[PDB]
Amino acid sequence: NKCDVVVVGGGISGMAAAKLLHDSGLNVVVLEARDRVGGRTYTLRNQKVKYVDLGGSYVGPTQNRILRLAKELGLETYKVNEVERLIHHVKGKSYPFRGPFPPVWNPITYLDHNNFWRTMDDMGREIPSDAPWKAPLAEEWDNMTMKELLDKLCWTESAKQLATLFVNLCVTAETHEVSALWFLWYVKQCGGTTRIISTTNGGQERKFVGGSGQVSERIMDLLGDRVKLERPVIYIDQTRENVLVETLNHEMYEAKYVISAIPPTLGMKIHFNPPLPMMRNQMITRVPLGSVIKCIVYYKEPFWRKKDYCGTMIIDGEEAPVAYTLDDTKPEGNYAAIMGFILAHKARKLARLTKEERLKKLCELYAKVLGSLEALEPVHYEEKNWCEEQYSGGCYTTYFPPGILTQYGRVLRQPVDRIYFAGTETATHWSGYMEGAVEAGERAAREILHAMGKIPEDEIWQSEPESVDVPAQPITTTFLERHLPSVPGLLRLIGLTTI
C-alpha cells in the first residue's frame, strides 16, 4: 500500500535504486513481475552445474559501480580463462592466436582491419555519451544502418565479415537492423572497441563467484518484505496528489514518486493515466531488444586447455550456430564447460529445434573448431532463449533502428511528472550491461532525492572511485595503428606519386 517510492522492476537497476533510497531513510516498495529478482541476470543452481549464469555474467575493468555494489554485498570475482590461445575460425579452418584481435597477414587486409577498428573509435569520439543525438553528423549517421556503414568502410570481405560478427555479438542484432549512430554510441560509451571486445583488460575479464543473480538476491535480503514478487504492474495513475500503481493481481500501491526500472519498450505493458506525452508514447514502440540463446555445454575436463586453447572461439560462418564462445569452467577447475551465444537471426532460426538437437549442433561445431573428438562427449547442457521472455523482451539490451535515436532519444530518461526512469538502457557508461543498470538505478534514485529537496542538483550524477580489486589498464595504440593508411588512403598515395 502506502510508501515514499514505488520501484517497478526488481532487476539490478531497480534493486540498486531501491537500496539507495532505503539507505537514505525512505520507505520503498519493489514491484517485480516474476517469481524471482534479477531480470536479465539469472543464476541457475542444480547438482550438475553447481551454479551457472544463464543471463548477464561478465564484469570487467572500468565497471566500477557493479564491482562496488557486489563487493559491498559480500561478493567476489574470478578471472575468465584466457591463459592459452584464442581461435579464429574462418572459412572452415581454425587459426590460433594471442592478444584481443585476430592477426591478419595480408598487408591490404591488415590495413583494412586496422582502419575499421580505428574508425569505429574515431567516429565514437564525436558522440557525446550523455547525448548522442548531439554528434555533429548525428542525423547522417542515424539515417544509415550499420550494414551501410560497413559497406562504405570495409574494402575487404575479411574485415567486413569480422565487423559483422562484432556487431551481432555486441548487440545481438543484425547489421541491417541497427542505426550506425546508435551502434557507434553504444561502443564508445563502453570505452571503445578494445575495451568492449577484450577478455583480459575488458568487459569479459571476470565473473562473480556463485553467479550474478546474487546481486539482486542479496539486495532483496536487505530489503525484506519490501520486495513484492509476482506483482506485474499494469497501471499508473498520476492524476491525484499521490501516484497510484496497480498490479495484475489487483493490489494498489500509493507513492510520492515512481521509478520505472524495466526495459523501455516494456513500458507498453503499463496503462497510463493521464496518457504519456507523445514523444514517449511513440518511443516505447520503436525500441526492440535483441535476440540471443545462451548455451553452456559441460564436459568431463577442460580438454581444450591440453591443446593450448583457452576456450575462446570466434567463429565466422553462416553454418556455425554459435559465433563466439568462452571457457565457463569454474575457478576451481571443475565443471568444465564452454559457453556460446547463438545470435540474432540464428537465435530465431535455431529456436525451432529441440534442446537435444541444439546440443548436437554445438558439439559438432566445437569438435571441428577445436579439432577435437572429445567435444562430441558432453556430460551436461544448459541453455536459455531470452527471446521468449514476456518480462525481458530479449537480450542483452535494447537496440535502436535507423532514425530513432535522433528523433526520440532525448526522452529516454526524461521524467514524466513523478515517474523517473532507471534501467541499463538509460545509463551513459556501460549502458546494456549490469554496470549501466547500477548507474541508472542510482541516478534515478538521486533524481528523486533531489526532487524531495534532500540533495543539491549537482549530486544527481556521481562519479565512482576505481575498483582496487579490478584495476583498469589504459587503452593504448601503437604509432603504426594510428598512422597506417586506410585502403583508399593507400590508393590515394599511389595515384599521387605517379602524377
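Don't overthink the numbering: it's just position in the shown sequence, from 1.
Peer 1: Averaged over C-alpha atoms, is the B-factor higher for 232-240 or for 323-331 in this PDB entry?
Peer 2: That would be 232-240.
Peer 1: If you take the mean CA temperature factor per stretch, which one wins between 6-14 and 483-491?
Peer 2: Mean B over CA atoms: larger for 483-491.
Peer 1: Going by the CA temperature factor in the entry, name the top one among 309, 396, 421, 253.
Peer 2: Of the options given, 253 has the highest CA B-factor in the PDB entry.
Peer 1: Which one, 57, 62, 27, 431, has the peak C-alpha temperature factor per the PDB entry?
Peer 2: Spelled out: the listed residue with the top C-alpha B-factor is 27.
Peer 1: Rank-wise, by C-alpha B-factor, drop residue 48 into the lowest, middle or highest third of its chain.
Peer 2: Residue 48: CA B-factor falls in the highest third of its chain.
Peer 1: Mind checking which third residue 318 falls in for C-alpha B-factor across the chain?
Peer 2: Highest third - that is where residue 318 ends up once the chain's C-alpha B-factors are sorted.
Peer 1: Considering every modelled residue of the chain and its Cα B-factor in the PDB entry, is residue 437 in the lowest, middle or highest third?
Peer 2: Residue 437: CA B-factor falls in the lowest third of its chain.
Peer 1: Compare the C-alpha B factor of residue 102 with those of the other modelled residues in its chain, then answer lowest, middle or highest third.
Peer 2: According to the entry, residue 102 has a C-alpha B-factor in the chain's highest third.
Peer 1: Split into thirds by Cα B-factor across the chain's modelled residues, where does residue 368 land: lowest, middle or highest?
Peer 2: Lowest third of the chain for residue 368's C-alpha B-factor.
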